[PDB]
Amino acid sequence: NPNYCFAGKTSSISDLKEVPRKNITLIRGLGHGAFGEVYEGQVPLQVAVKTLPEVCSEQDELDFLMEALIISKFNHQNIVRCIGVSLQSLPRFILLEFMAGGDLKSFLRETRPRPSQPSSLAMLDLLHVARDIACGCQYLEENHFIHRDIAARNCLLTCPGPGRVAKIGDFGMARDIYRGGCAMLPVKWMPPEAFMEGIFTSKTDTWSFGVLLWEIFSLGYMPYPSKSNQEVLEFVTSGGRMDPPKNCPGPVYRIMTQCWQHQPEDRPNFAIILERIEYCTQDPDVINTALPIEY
């Protein structure tokens, strides 16, 4: 059975916390992917249940196992907790911290300020989400883990309302690479050396975080609007970068453009990104900036 190494320790399937199946109740579907369903569950501990299809390959099984190992080994407030697993019964379960706010992309789109609720969100809310995820990314960086797929679709929120905390909630790409196709690669989140050379470092995630920042401050738009993957690949390789999201303060856009420096050595590490995000939250002219209310 497969092993996983993180920090200075090596772990095994036998290390995962197995929860007896009889203690687990499924409540409702949470919007299931195209491979594996996700449910709200109870163990009365509230959890999210990620399932493995009983109709799957040998590699599917091992991928599912690896994901559990990866998430169970992290210990940070901005990475979702793994409650445990139920692997000895079928279909197999991974039990995660329940994040009632859902994924970040849907949240941003669903919670955009509107004529009905014109103050659903403010600039400081967006800066706090970005700070939360940057804090998770800094943890990964200082522990030498490369996520490879930092994007709003892979972040979750503890709740819809003001006290929300954002966390990285999916590690499927890092799992795939740890051991597929061109049209499935998230090229719109990738730096040139990543999609040209297949070189990944912590500065890979820095670039992707810049794109996440744009997703956040655009309130859930798809990156490079109207551009296809190949067009973006050629655009970015030639020095092209996204314009500021609508109403985006200059100090915030400046963080994005630094994350997108062509040379990875010219891009900030996450300690520096965090310092700059914090300076934005202190600037009244940033946080007093009104977000666009779409009619």
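In this text, residue numbers run from 1 along the sequence as written.
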| Missing residues, deposited sequence, between residue 43 and residue 44 (class: none, 1 to 3, 4 to 9, 10 or more) | 4 to 9
| field | Residues of the deposited sequence left unbuilt between residue 180 and residue 179 | value | 4 to 9
| remark: Avg C-alpha B-factor, entry values, 154 to 162 vs 206 to 214, higher side is 154 to 162
| said: Averaging CA B factors per stretch from the PDB record, which one is higher: 126 to 134 or 169 to 177? | reply: 169 to 177
| When you compare the CA B-factors of 16, 286, 271, 277 as listed in the entry, which one comes out on top? | 16
| Considering only 80, 196, 140, 190, which residue's Cα atom bears the greatest B-factor as recorded? | 196
| field | Relative C-alpha B-factor of residue 264, binned into the chain's lowest, middle or highest third | value | middle
| task | Consider only the C-alpha atoms of the modelled residues in this chain, order them by B-factor as the entry records it, and name the third containing residue 50: lowest, middle or highest. | result | middle
| task | Looking at the entry's B-factor column for C-alpha atoms only, identify whether residue 247 ranks in the lowest, middle or highest third of its chain. | result | middle
| request: Tell me, lowest, middle or highest third: where does the Cα B factor of residue 230 rank within its chain? | output: middle
| message | Based on the deposited C-alpha B factors for this chain, I'd like to know if residue 118 is in the lowest, middle or highest third. | response | highest
